[PDB]
Amino acid sequence: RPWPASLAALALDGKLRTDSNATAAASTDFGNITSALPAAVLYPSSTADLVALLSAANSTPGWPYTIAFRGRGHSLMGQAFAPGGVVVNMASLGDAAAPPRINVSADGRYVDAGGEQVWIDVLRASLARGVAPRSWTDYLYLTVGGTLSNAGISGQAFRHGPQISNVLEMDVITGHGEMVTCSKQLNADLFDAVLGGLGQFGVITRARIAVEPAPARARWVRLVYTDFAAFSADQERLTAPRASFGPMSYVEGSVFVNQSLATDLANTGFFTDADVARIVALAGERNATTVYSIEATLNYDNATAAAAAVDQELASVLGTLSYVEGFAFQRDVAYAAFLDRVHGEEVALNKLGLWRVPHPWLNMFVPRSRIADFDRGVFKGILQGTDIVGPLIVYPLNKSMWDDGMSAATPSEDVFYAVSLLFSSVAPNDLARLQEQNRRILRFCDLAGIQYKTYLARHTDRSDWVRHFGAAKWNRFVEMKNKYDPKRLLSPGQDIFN
Ligand SMILES: *Cc1cc2c(cc1C)nc1c(=O)[nH]c(=O)nc-1n2C[C@H](O)[C@H](O)[C@H](O)COP(=O)(O)OP(=O)(O)OC[C@H]1O[C@@H](n2cnc3c(N)ncnc32)[C@H](O)[C@@H]1O
Ligand SMILES: *[C@@H]1O[C@H](CO)[C@@H](O[C@@H]2O[C@H](CO)[C@@H](O)[C@H](O)[C@H]2NC(C)=O)[C@H](O)[C@H]1NC(C)=O
Ligand SMILES: *[C@@H]1O[C@H](CO)[C@@H](O[C@@H]2O[C@H](CO)[C@@H](O)[C@H](O)[C@H]2NC(C)=O)[C@H](O)[C@H]1NC(C)=O
Ligand SMILES: COc1cccc(Nc2ncnc3[nH]cnc23)c1
Ligand SMILES: *[C@@H]1O[C@H](CO)[C@@H](O)[C@H](O)[C@H]1NC(C)=O
Ligand SMILES: *[C@@H]1O[C@H](CO)[C@@H](O)[C@H](O)[C@H]1NC(C)=O
Ligand SMILES: *[C@@H]1O[C@H](CO)[C@@H](O)[C@H](O)[C@H]1NC(C)=O
């Protein structure tokens, strides 16, 4: 039970807190479905405090405290908790002013960012130097270390890969309490393990993130379909390799069920009421139970000719497509306004009291060969007759842009779809129904032989995690767990080794 000097110094300096206010704040997450109180919350003022805690953990025999690294707690099912353990309040690393926690490189080819930093601040500090990361998440108020522990995907991933494919190097403190810098060339085994590694191997204190010259504006389009075959064929055309890709900077898509079509179209924040009326009419003419929309952008800069060159490039692209004649809808915004588009959605929902609610989200990767089966079984099947609150996002990814040596698990096929069904619960009895429906969707997929992977989900059975990674890739994961977290204390809320 004796404490090392450096661990005791943290309690003395008021950094180790055991009060009910501190512990309660670190006991809930964005999922708002599960909770777990820690014994203590650490508020580090430097990476030395992290070394202190993890060295103590490693050297103290019989050490009982699991350790989690809370980013912004956007986890869905407790992945950032440490039940009866220590939660690290990562945000405390950026409390001061000296030194800065985000540094754009002198050559403008990368940005250095603290693990604790949120992507919105990474964006703001990048644009101040005329650059920006190439690969995003839909939502910018997430931490660098958090998204990198998962993958980080948005409409750019088809061409640039996920955020984990856009890291040059990291500083990481392992379960041993050892500060290690890692890359493809230095300590590559740790580098690959941590990326998509679900916080199992250590804490990312710094990430070196690839940037590109920052575009000024995004030409922003949505294309409407009643035929899934045409919708998916076009998403695949837009994202297909020609190493080289087509013009589009971003390609996502969405599914709208007929029952709430007008309301959901109106709630996109994209369509006007005039647009909505035309799409509702189209659905009725085609007798459609589902409507599909491709969402795409073309990034361009402040050049004088840029706007007309964009018009012509866009016109050419669209002429290769098969959306319903006349159902192309365009917007034109500043690039930062596009990237932070979901912030506005959060503000609106929270003011309605619809943000801090349970989020039984279903996120998965579905092989291209079975996407039409998934559409029939889920969008045209299971989901029909239900009231859906939250977007249903569907878009293809290219496996060639994913590094399978990293921890992140993906389907085997060259093309696979991100399917994100972002259900928001309107309290009882809606939550239990939504949890059951997600089970049924997974059940449908299992029975149809669809070889999907989950994303952002934590499994509670060993056989499920083994299947998740694949047996050979699982053994790799375990090898790296043994070297970097032998005491199995880190990120216990993933329920892999805890
Ligand atoms: C809330 C949410 C999440 C989200 C999103 C939109 C919203 C509203 N949009 C996403 C998107 O478009 N694309 C995508 O890939 N993910 C998207 N997300 C999910 C998001 O990536 C996850 O929630 C992720 O966990 C990031 O969230 P956060 O930064 O808040 O991290 P956390 O929940 O607290 O912890 C997650 C796990 O990672 C470990 N962790 C956290 N920080 C570190 C560091 N620095 N080093 C090592 N491990 C770390 C935690 O222990 C936990 O297990
Ligand atoms: C951002 O750059 C600053 C330098 O402008 C870095 O600060 C130095 O690095 C470490 C901080 O732990 C110390 O060894 C030096 O004394 C710091 N210099 C001073 C006094 O500012 C900082 O580490 C960088 N941040 C990241 C995460 O890249
Ligand atoms: C799409 O959804 C609407 C419901 O919003 C359906 O229209 C309804 O049809 C029923 C049965 O004839 C009528 O009783 C309702 O008055 C209609 N509702 C409204 C408000 O328009 C429509 O049938 C659905 N289409 C498909 C193909 O399922
Ligand atoms: C990995 O795919 C995901 C996972 C979680 C969230 C999202 N995106 C969004 N999450 C929340 N609100 C939104 N509005 C538009 N897109 C989103 C996308
Ligand atoms: C969910 O949020 C509500 C309201 O903000 C809160 O009272 C409750 O404790 C939360 N539940 C969990 C399990 O986090
Ligand atoms: C592009 O230039 C315009 C006009 O000079 C300016 O308003 C805008 O801030 C610039 N966009 C950036 C910083 O990318
Ligand atoms: C309209 O679609 C519904 C549901 O798919 C179907 O039952 C019905 O037969 C269709 N109507 C016609 C005339 O095709």
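Every number for a ligand or one of its atoms is a count from 1 in the order of the listing. Nothing fancy with the numbering, it's 1 onward along the sequence.
Residue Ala283 does not touch ligand 3, judged by heavy-atom distances below 4.0 Å. Of the heavy atoms in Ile33, only backbone atoms (N, CA, C, O) come closer than 4.0 Å to ligand 5.
Proximity of the aromatic rings of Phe270 and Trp220 is defined here by a centroid distance below 6.0 angstrom, and this criterion is met. Here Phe201 and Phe477 bring their ring centres to under 6.0 angstrom of each other.
Not close to ligand 4: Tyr139, with no non-hydrogen atom less than 4.0 angstrom away.
Using a 4.0 Å threshold on non-hydrogen atoms, atom 4 (C) of ligand 3 counts as touching the protein. Inside a 4.0 Å radius of atom 9 (O) of ligand 3 there is not any protein heavy atom. Distances from atom 14 (O) of ligand 5 to the protein include at least one heavy-atom value under 4.0 Å. Shown here, atom 9 (O) of ligand 5 is out of close reach of the protein: none of its heavy atoms lies under 4.0 Å off.
Of the N or O atoms in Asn258, one or more lie within a sub-3.5 Å distance of an N or O in ligand 3.
Below 4.0 Å from some heavy atom of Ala288 lie the following atoms of ligand 3, by number and element: 27 (C).
Taking the centre and axis of the six-membered ring of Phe338, the NZ or CZ atom of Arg341 falls inside the cone set by 45° and 6.0 Å.
Judged by distance alone, with hydrogens and angles left aside, the side-chain atoms of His359 form a donor-acceptor pair with the main-chain N or O of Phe30 at under 3.5 Å.
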